[PDB]
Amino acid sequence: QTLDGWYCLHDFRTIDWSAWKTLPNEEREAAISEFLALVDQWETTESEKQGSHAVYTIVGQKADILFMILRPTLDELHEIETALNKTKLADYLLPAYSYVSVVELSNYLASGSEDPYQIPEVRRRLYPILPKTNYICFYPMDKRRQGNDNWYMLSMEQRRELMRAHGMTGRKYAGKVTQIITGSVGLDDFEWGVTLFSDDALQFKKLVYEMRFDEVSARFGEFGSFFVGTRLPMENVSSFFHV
């Protein structure tokens, strides 16, 4: 039933400040310039509408930095990761957490008379340009399969009706939050990735809390870790890494 879009990598890293500070100044500046040159490649790709990327600083110890990358193939995600790891800066960007998934759409008007992969209204959700909002939030999730709270043993109808209320709660946040749903069954450790974008970080809390009182989330939601962060403008990269 779902339409699949761009592959997605969330690549979180922790900064080894102690090691970075021992690198001579000239090698640090070179490393920053090298990394900025890489991101410039990403920006050209995003300008050509052949992928997208978001770079946020993450608050707390689960990570310091998120690179969220959308590309048309799994190979390209691998290529990006590898290029990143071969930069000098990446030596100081230790592993923290990662997620591999694919942009997934279930909600669209299906007529049968068109290839939806060629319809503009659909493509712009399949192949999204990521929002450049002040804040981001990521978490992965499963649908529960435990006792009488087993999502996958429900009827289609029952699932549809449960998902109605979920949609209704989302509608309350129109123009306040945007959500990128990626599917990861068969690709990583949970079933979906949820990435929220907002200019107001409080809306992540309002929205995710309000959702939790809908039956689909209360009885069927299993959630992983939540990562929240602030946009890192590429103009601020040098000062962020300045020591």
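In this text, residue numbers run from 1 along the sequence as written.
S.K.: Going by the mean C-alpha B-factor recorded in the entry, which is higher: 112 to 120 or 95 to 103?
M.R.: Between 112 to 120 and 95 to 103, it is 112 to 120.
S.K.: Using only C-alpha atoms and the B-factors in the entry, which stretch averages higher, 25 to 33 or 188 to 196?
M.R.: 25 to 33 has the higher mean C-alpha B-factor.
S.K.: Just the C-alpha B-factor column, please: which of 82, 134, 146, 73 has the biggest number?
M.R.: The record points to 146.
S.K.: Which third, lowest, middle or highest, does the CA B-factor of residue 11 fall in along this chain?
M.R.: It belongs to the lowest third of the chain when residues are ordered by C-alpha B-factor.
S.K.: What third of the chain, by the recorded C-alpha B-factor, contains residue 174?
M.R.: Within its chain, residue 174 is a highest-third residue by C-alpha B-factor, going by the deposited values.
S.K.: Ranking every modelled residue in this chain by its Cα temperature factor as given in the entry, which third contains residue 90?
M.R.: For residue 90, the deposited C-alpha B-factor lands in the lowest third.
S.K.: Could you look up the Cα B-factor of residue 64 in the entry and say which third of the chain it sits in: lowest, middle or highest?
M.R.: Residue 64: CA B-factor falls in the lowest third of its chain.
S.K.: Quick check for you: using the entry's CA B-factors within this chain, is residue 213 in the lowest, middle or highest third?
M.R.: Its C-alpha B-factor, which the entry lists for residue 213, ranks in the highest third among residues of this chain.
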